[PDB]
Every structure is written in C-alpha cells, then in structure tokens.
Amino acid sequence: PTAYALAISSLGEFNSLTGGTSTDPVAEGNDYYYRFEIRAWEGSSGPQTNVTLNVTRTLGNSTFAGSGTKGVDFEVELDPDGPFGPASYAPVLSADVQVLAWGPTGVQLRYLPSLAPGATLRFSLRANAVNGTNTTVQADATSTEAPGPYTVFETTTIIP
C-alpha cells in the first residue's frame, strides 16, 4: 500500500501576509508575500511529523525579508480538516514552528506538531521586490513519513 503522502502547491503572491489581495507583478521597493501549501494525504496511515518547507531563491534579485519574526516576516496557518471540512485556516502558535533558517535567499520552516491525515498548512513568506529580472523561488515539502521532497517553482515579475 501507500502508507503516507504529502503534496505541495504554489498559491502565488499576495500584498499581505494574511488576507489582502493577490499581486504580481510587483514594483521594486515594495514588499510582497509568497504563499505555499503543504497538504497531508487523507489516506495517510497516521499523522506526519517534521513537516518542513524549504524555499530557496533560484533566479533574480528579490530577497526574503526581515529577521524571521512570525506574524511579520512569515506566517504558518493550519486548516485542521483540510479541504474535507469547513474549518478555516488559523495561525498556529509560535511554539509550533521552528525557524530552521531565515535569510534573504533561503528560508526553512518546520511544523513541530504532527499533521493529521487530510490537514493542510499554509506558509506565507515576506519578500522585498528587487530588479527588472524575474524572481523565481523553489519550494520543497518533506516529512519524516512521506517519500519527499515535493517541489514547485513560483515566479514573480519585478518592475524596476
């Protein structure tokens, strides 16, 4: 059988850490936010542990912003019933996220609680728009139990 599975999705760029409106292109000198989801398979043989997002800049000049402050530079939200129920995304406790790395060209965030089958996490990441070269970021999802990584690339058009 398939014991455990995870998935990743890009949701594109937004003008706010939470809520707000979509964006892209972005004018150089403005902040913007990437969002990614990590999604636990509903058929998983149990909760998944060490669910980790690794995002690296692959092309262009934009930078992950700030020092790594939850609620300013990044946010992790949990939808405990995923798409399968009406519960909405809500920010998780600060203690529930370990910032493994936070720098201008790479960020790594680990969810410390276990992630129930079907549940999803939404990661929002603040960035500084820089260039008229596009910025492309690589986002990798892994967990202990799932045969990761699962990778996407999202691209932002920067106006000089």
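Sequential numbering from 1, following the sequence displayed.
Checking the other compared PDB entries, only those that cover the residues flanking it, does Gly43 lack coordinates in at least one third?
No, modelled in all of them.
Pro117 dropped from a third or more of the other entries of this protein:
No, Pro117 is modelled in every one of the other compared entries that cover both of its flanks.
For the higher mean C-alpha B factor in the entry, choose 32-40 or 88-96.
Higher of the two, by average CA B-factor, is 88-96.
So which stretch wins on mean C-alpha B-factor, 136-144 or 15-23?
For C-alpha atoms only, the mean B-factor is higher in 15-23.
Highest Cα B-factor in the deposition, which of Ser124, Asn131, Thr120, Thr63?
Comparing C-alpha B-factors across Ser124, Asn131, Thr120, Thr63, the maximum falls on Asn131.
Position of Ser67 among the chain's modelled residues by C-alpha B-factor, lowest, middle or highest third
According to the entry, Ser67 has a C-alpha B-factor in the chain's highest third.
Lowest, middle or highest third - CA B-factor, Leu6:
Tercile = middle for this residue's CA B-factor.
Quick check for you: using the entry's CA B-factors within this chain, is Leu59 in the lowest, middle or highest third?
Ranked within chain, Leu59 CA B lands in the highest tercile.
Taking the values exactly as deposited, rank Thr52 by C-alpha B-factor within its chain and report the matching third: lowest, middle or highest.
It belongs to the lowest third of the chain when residues are ordered by C-alpha B-factor.
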